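Participant: Protein chains in written order, with the numbering used here: chain A, 185 to 400; chain B, 14 to 552; chain C, 118 to 195; chain D, 878 to 921; chain E, 194 to 298; chain F, 27 to 247; chain G, 13 to 123; chain H, 17 to 97; chain I, 1270 to 1529.
A virtual CB, placed ideally from N, CA and C, is assigned to each residue, including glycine.
Starting off with a structure, shown below.
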Ligand SMILES: [Zn+2]
Ligand SMILES: [Zn+2]
Ligand SMILES: [Zn+2]
């Protein structure tokens, strides 16, 4: 009575989204239609996991919260650290005795500095665009994966004047099979004629970049 | 007390009746020559006429002061006039002439002149050299001229086939003509489309040329452009749908008609007609060639002698294309419901590549480019947005991943605003000489507004505080919330409603004084600041 | 072939650098470059899982191109 | 030289009209792109 | 209340009667039960001010001493538009308290 | 109280003035018909809507009324109802004692299609067109002379075919004032095409035949 | 990018019109709804020209409009139904030249 | 089980009150009929959507409103059972 | 009204005494006590008051801690939040559970109290809340959701939607929690976010799970949809996706597809 995954995948306009269990849906056509619509964010992945959300062994070793920089500029952390480091040395006698004879003007930061922290030095944090749902491993798997033809400064280790050393051999051994469309200079890319870079120069000359309606 | 100066500025100053102490002087700059003031009488009231390079009449309407310039040539001198032929008029001498003038309509912002058309105008373009207009008109349910004539002849045959005197009646039936603008237009049915191209002089209003199309061919787009390969020769491209049904939608096809503009823009000469497989809803000139969006396909067309010629068509736009804008080698495509798409055209690969888009569904009706990175748009639902492109984005994309079933780079929405009525036209322009630019929009209902950017924070804080006071002090008259009204579909962003703010002057004087206390200003100063921004952008 | 074994390295080399090293050839989907805990230093041999076969076949050739700190690097299938 | 820049721009324009430079000094019509039947070779 | 899941609002079509609050409930919001920022006046349906009940507390039912408001947040979310906010059942907590004190006292 | 099925779908209702003045019922306007109904013993009364004689329209299209207005004098009352094509008819009810017996229906004039009409007491008619300019007419004559045929629900009519009338220029109304409306601005372009320094606005608006290109300038005419 | 909105030309299309004795006197006015705007128009009997007396912007969608008289009443009230989820009853004040809200009764959600 | 049945009674209570809320077993047909009918009501309500539709089809607004009211009965075809 | 009749040391020790008034059974005593803390902080300054109140969060019993939390917000509001913010945010690093729940709780009250004025500190406390929403303790997540609800409604109309959308990315995976307190705090946060970032975003989140195969994901998703539908039924007309026609039923809304 129900579709297998192959018929469903051909019946979608877009077959990359279909999963094992979508055929078990009561209306699978509409489900895979909705999964392939623009700007919708997928169901959180742990719906099928037996372990509870965020209850995982890696989460045991999470470090303490760190303040932002504009707050550490106030010096609140050093003051309050010193304060609570004295207050573990006091006995119950001494604590209950300074509760009848208090000590004024102890931990005071001037108001202008605190105002400046909030009304001058505030910086917007790193934010995430819509659809970027958090999942449990996320902050460790945030390294990602940098493409051939784009190099890092450090990869300094080569120390070669600017083409790649390996290419002097890629033309020898051939274009790698894994990449069908890759283009590198000297093999199938201009160091024919080389007018590709001139196009970008001419266009970059053409543009005005003056944002409309900004503050003066 | 009204004063005029060599500079050209008019000073209207309070004068205390019992004491004689001038108070506040709100200067205005009008014209370029010395201004001369003459007292006249309008509506049984004592208005003032100040004449500079252009005349300017200051009067009070609905117990509210106005200053609007006469749309008429400069005058040396003037004075009041009353007689049987004209009860309230102006006698004015320009050099070597004398004339009598009557201002029939007062209190208005625009005067208009109207030039009749036959069907509903969809678009027009301006020929740059001639300054003419090329207008396409289209109607559903309609007969063209020729189909109407054949239909009428068939009916006159039918009057004879019914029954010897009858042909006399049918003669009168062929003869009499009811004027269609006052008796209606005959309605034809579903799928019946009358359409017309018209070339028109904007000053005089006469039809320079007229092209009538076939009975189910409906014009939807127009362009005037010079194809760079063929040389300096203007061509007009008109996109036409063939046999279009609306509910449910179906179309038999499309054509693009090419005309040349001869005789300095007087005439269209038919060149060829090239068939496309879906309705060409947007045509845009693009670096010596043209971009045509046929349905969901974006294609570049080069002029060939037998037809237009196709190069590098794109096929990844989600739905129907409804409008195309260009700057440089960037193309901004307005999907019918998928909002804006940014596409880059790279020459030496000959391909069109989607590099960015938007994160919201938007039913776009129009668009206009504010700068190289910003697009303003409007919906059918009645709201304007301003979408910017984030500073890191590069259009160097070479053709899998994508974010959220779309492009890998997303554009940021930086303004939302619900106008209230469907906007069909945005244009960035300057309205007055020596003004600043603004974004002008015209709604379907007949309204015209502007969206003007603040130049300082101090202005922006003042106007935001005036708005927040008035939302509570002077709430909308039908029980609606203002912040909720302007956030009808998307939350309001970065706009101060000035229609609400200029209702300051309609509040009660205790309320005006109470509000103006917290702005630390007197109610004349608040009215002056509300009136300064309107003055230096607009009318 | 999806994975390769890589010998003969210097501990200043890093897994993130290694990923950028072999993605110069083709992207390393899964990187493994042991960190030894006891003395806190690397022996210098690597295992690489790719998208499919494509990354693996190139792998051996990618070894010749590689040269870390004036020294070569072993790459073979696994 | 400016003339060399202009020649390169002309080469770009030939790259846009659908011409492929696979011929070393010659050009080949691409099948994908619609061309008029009359023209046999790209203009210089 | 928001603290008692078994309590139930009247939710009939509200009328011109103004709802009131007893000394214990003075200054709080009828829906979300907050103490701050009062935005709009509460209207109760006809049946709920019938007869002797005219002027009792909306939230608990005691002698009312001041007018009840919705807070700003319930106004913005339009929680003020759902109906008569009179609580129509005592619930388990009120009943249990009575029997407990009566057992003791 | 009362619930009665209709024969075809109406689209709006007209309050018949009642109490001391006229009978109390409702006029139901439906496609190709106008029907008087009341609760009680009164039988329903139906009058077909007159069509234009020798009309160029598609024959399948029906005809409805788009707006109405009531003129109540102390003497008598009539309704002015406009059809889709712009034809305004007078509607008058004939009462035989307590109930009404027929509806009488007379071609009054042709005016642009309206969203609302308002018979002011001082013999004016205010037509607010649904698009384009609005008009204020003065009522010269009510339609009671000039030998013009008057259709009726009592006039016995054969199965398929209907009444016909012949439209004409204005007879009952004189145009007194016209109010400019830009609705609907379909397209706009702000440009300087007339070489005076300020730009003008070139706008395209209006529906069908009444559409126009307007040039708007800033200032008094 | 902070923008300020201004209206140069108000809407001119007409959705509703009701006629009544709104001013409270012999003269008859019309109250037109221009969708988002409520206007009061008084047409001159001898001259024949229509004059706009009042124009107020209501910030809502006016969806229905009626005129209302109490029994033995001279002045008429304007009853506006809108998308606000409430029903408003308005009275024109000629000495002040402004509409005056007399009643506002809330029954539902907005939109 | 009982929690399933209490969810079920609560959601049918909602659906009677606000027409057009769903539950876990809303079919496609039901959801789309609701959003068709809500669309029609919205079109009737806003004056300029209704202007736009009355211009794009060459119809008068009264005809447009009357056709939309006719479509409210079966907006998406017959029920799919 | 009369603070100059006593020395500052007297107000400090009387301030200390007020912490025993929070164990009262009658609620009116407790809310009069909390108010008095704000009045005193206007005389001896927020830091002396605030250190005392922050020390009181280590207590075990919840009635003491909830009231101390309200008093921290009271002073924070009356002596503007830049004064008491740094110390309160610093106290989140103390390795005790009740203190961390306590700071979160008083931020919740704070954003409720300051209202529109809270657009000035949303960027400050966004990283604190995203640290709390990633936390293993469920309570840490329910109090952070309460903070999001109240902060969301304050900045409505002010263009702070990027922070709020960022926080939605953290709030949203908690929809599959089953505990009722946490489950109603999450729903309150989403209802606050609907009025601040709009119905369109909230529908874009629900869309994929309304017809999901499991009833578990489905009914939770359907009861978010109903909340969006009730609150904003009219705005959703523009935001529904396009469903294609099947064999016998038509599903395209053809009117919107009209082109002028
Ligand atoms: Zn009470
Ligand atoms: Zn509340
Ligand atoms: Zn009740």
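1. Can you tell me the Cβ-Cβ gap for residue 503(B) and residue 405(B), rounded? I've got them flagged as a contact below 8 Å.
2. On the three-state DSSP scale, how would you describe residue 107(F)?
3. Going by DSSP, what residues sit across from residue 429(B) in a beta bridge?
4. Following a CB-centred definition, is residue 1377(I) positioned closer than 7 Å to any heavy atom of ligand 2?
5. In angstroms, rounded to a whole number, what distance separates the CA positions of residue 64(G) and residue 319(B)?
6. Can the beta-carbon of residue 132(F) be found closer than 8 Å to that of residue 174(F)?
7. Can you pull the chain G neighbours of residue 551(B), defined as C-beta to C-beta under 8 Å?
8. Residues in the region 263-276 of chain A with C-beta within 9 Å of chain G's C-beta atoms, listed in sequence order?
9. So, helix, strand or coil for residue 1334(I), using DSSP?
10. Cβ closer than 7 Å: which chain G residues qualify as neighbours of residue 507(B)?
11. Please tell me whether residue 207(B) and residue 156(B) are closer than 8 Å, where the distance is taken between their beta carbons.
12. Is residue 234(A) a contact residue of ligand 3, with contact defined as CB to any heavy atom under 7 Å?
13. Can you find a C-beta in chain A that's less than 8 Å from the C-beta of residue 157(C)?
14. Please classify residue 88(H) as buried or exposed, where buried requires at least 16 other C-beta atoms within 10 Å of its C-beta.
15. At a CB-CB cut-off below 9 Å, which residues of chain G make contact with residue 240(E)?
16. Less than 7 Å between C-beta atoms, sequence neighbours within five positions excluded: which residues of the same chain meet that for residue 205(F)?
17. Mind pulling the chain A residues with CB within less than 8 Å of residue 1473(I)?
18. Could you list the residues in the region 30-49 of chain G with a C-beta less than 8 Å from some C-beta on chain B, going in chain order?
19. Check whether the Cβ of residue 224(E) lies closer than 7 Å to any heavy atom of ligand 2, and answer yes or no.
20. Straight-line CA distance for residue 613(B) to residue 396(A)?
21. Span of the beta strand (DSSP E) holding residue 206(B)?
22. Apart from the five residues on each side of it in sequence, which residues of its chain come closer than 8 Å, Cβ to Cβ, to residue 248(E)?
23. Give the single residue among 1508(I), 1460(I), 1429(I), 1386(I) whose Cα lies nearest to the Cα of residue 1414(I).
24. Let me see if you follow: with CB-CB separation under 8 Å, is residue 338(A) close to chain C or not?
25. Going along chain D, which residues have a C-beta under 7 Å from residue 377(A)?
26. Around the Cβ of residue 143(F), are there at least 16 other Cβ atoms within 10 angstroms (buried) or fewer (exposed)?
27. Could you have a look at residue 1476(I) and say whether DSSP puts it in helix, strand or coil?
28. Does any residue of chain C have a CB that is nearer than 8 Å to the CB of residue 209(A)?
29. Which partner residues of residue 142(F) appear in the DSSP bridge assignment?
30. Can at least three beta-carbon pairs, one atom from the region 100-109 of chain B and one from the region 176-193 of chain F, be found at a separation below 8 Å?
31. Just verifying my parser: in three-state terms, what is the DSSP assignment at residue 15(B)?
32. Rounded to the nearest angstrom, what separates residue 54(B) and residue 101(B) at their Cα positions?
33. Considering only residues of the same chain and omitting the five flanking positions on each side of residue 74(B), which have a CB-CB separation below 7 Å?
34. Using a Cβ-Cβ distance cut-off of 8 Å, determine whether residue 919(D) contacts chain A.
35. Just curious, the alpha helix (DSSP H) that residue 56(H) is in, first and last residue?
36. So for residue 63(F), helix, strand or coil by DSSP?
Facilitator: From the atom records:
1. Wrong, their Cβ atoms sit about 24 Å apart, outside the cutoff.
2. strand
3. 398(B), 506(B)
4. no
5. 59 Å
6. yes
7. 18, 20
8. none
9. helix
10. 13, 14, 15
11. yes
12. no
13. no
14. exposed
15. Per Cβ cutoff of 9 Å: no residues; residue 240(E) is ~17 Å from chain G at best.
16. 159, 160
17. 223, 224, 225, 314, 315
18. 46, 47, 48
19. yes
20. Examination of residue 613(B) is not possible in this model, given that chain B is present from 14 through 552 alone.
21. 206-213
22. 213, 242, 256, 257
23. 1460(I)
24. yes
25. 888
26. buried
27. helix
28. no
29. 154(F)
30. no
31. strand
32. 7 Å
33. 119, 120
34. no
35. 44-61
36. strand
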